[PDB]
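We begin with a single chain expressed as structure tokens, specifically the form deposited in one PDB entry.
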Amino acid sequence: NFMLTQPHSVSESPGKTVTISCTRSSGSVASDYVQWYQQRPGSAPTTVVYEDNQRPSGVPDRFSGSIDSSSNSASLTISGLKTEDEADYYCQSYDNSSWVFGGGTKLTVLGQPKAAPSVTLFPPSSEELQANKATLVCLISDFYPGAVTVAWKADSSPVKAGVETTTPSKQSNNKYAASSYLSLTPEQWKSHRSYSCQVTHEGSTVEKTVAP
């Protein structure tokens, strides 16, 4: 029933060395072999370490596993970091013929430019209004790191209802995008003088406004 605990996120500059620890709650780590897996988003995992410290063919020698019996843990060590090493890393061991996975660690390779989001806000189309519906569309792109807060306003009053927002997702240029949708009746849209989309990122806010 033992668990394997690893940090949620580690980060390091390229060229340097990062360590990911894996600690088991019960028993001694040396009792069962430990594997490490790498998984990039949208891809299947790959084995990078097995049998504590063995390296499967194809895997760069910059990857190495070790065991620290005193702290009852295993470690994945990546020297000479490269951007391709950005992924999720999972440790794995055995508990009487049953496999146990760690929670995973997201490795962030530092060095990427911090960028503020570009915001485009669209009012409801004339056609949508004919169908007795209304949707405001807030398109948020080219921001880094991937974390934003979206707030909607009717005139100057906050709007919580009818708001659906996506998770940030990585673009092709390694920056992040997201979008937010405010649902209104055509009557609400015609009622107010304006609606606003406020996007906050790293303490700074970009606000776009549209009017009927």
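One rule holds for the numbers: they count along the sequence shown, beginning at 1.
What follows is about the form deposited in another entry, which we do not show.
- Among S21, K153, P45, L110, the residue lying at the hinge where one rigid part turns against the other between the shown form and the other one is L110.
- In that other deposited form, the CA atoms of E202 and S9 draw together by 3 angstroms or more relative to this form.
- Between this form and the other one, the CA-CA gap for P60 and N174 widens by 3 Å or more, being larger in that other deposited form.
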